[PDB]
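Read the single chain below, which is given as structure tokens and is the form deposited in one PDB entry.
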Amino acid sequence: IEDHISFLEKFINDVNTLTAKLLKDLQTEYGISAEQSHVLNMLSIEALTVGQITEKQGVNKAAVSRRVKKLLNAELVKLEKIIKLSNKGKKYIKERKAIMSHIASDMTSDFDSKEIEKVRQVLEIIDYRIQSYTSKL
């Protein structure tokens, strides 16, 4: 009931650890922090204003702008002004998706699609509200 909150934190921590482990080599090849790598994955989902990314990243606006500016200096991201992945940022994300999808489908292979669907619906509602809350104060 609050232990649900604790569990979600444990789960997130573990996902993050797994990702950090599965993406170790790749992020070195590109010389990118998980911090930087995260924004690309973020932009991989859809384009974004530079002001919009600040809102969907939460921490200091200044921290996020520097990271975006840093991904521009590396030419992994490009302009319109909107911010989108460069052809190079795109190749990185394909390799990232390649790995993540590989293990992800290994881990859910005994799951019937309809079990995952219903679980995904409930999380979407929660993702929705999370975003609305985030939108307000």
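The first residue of the shown sequence is 1; numbering continues from there.
Missing coordinates between residue 80 and residue 81 amount to 10 or more residues of the deposited sequence.
Once the C-alpha B-factors are averaged per stretch, 61-69 and 37-45 rank with 37-45 first. When 5-13 is weighed against 110-118, 110-118 comes out higher, by mean CA B-factor as recorded in the entry. Across 53, 74, 93, 104, the entry's maximum B-factor at the CA atom is seen for 53. The PDB entry assigns residue 132 a C-alpha temperature factor belonging to the middle third of its chain's modelled residues.
Below, we turn to the form deposited in another entry, even though it does not appear here.
Look at 31, 112, 61, 69: the residue sitting at the hinge between this form and the one not shown, where one rigid part turns on the other, is 31.
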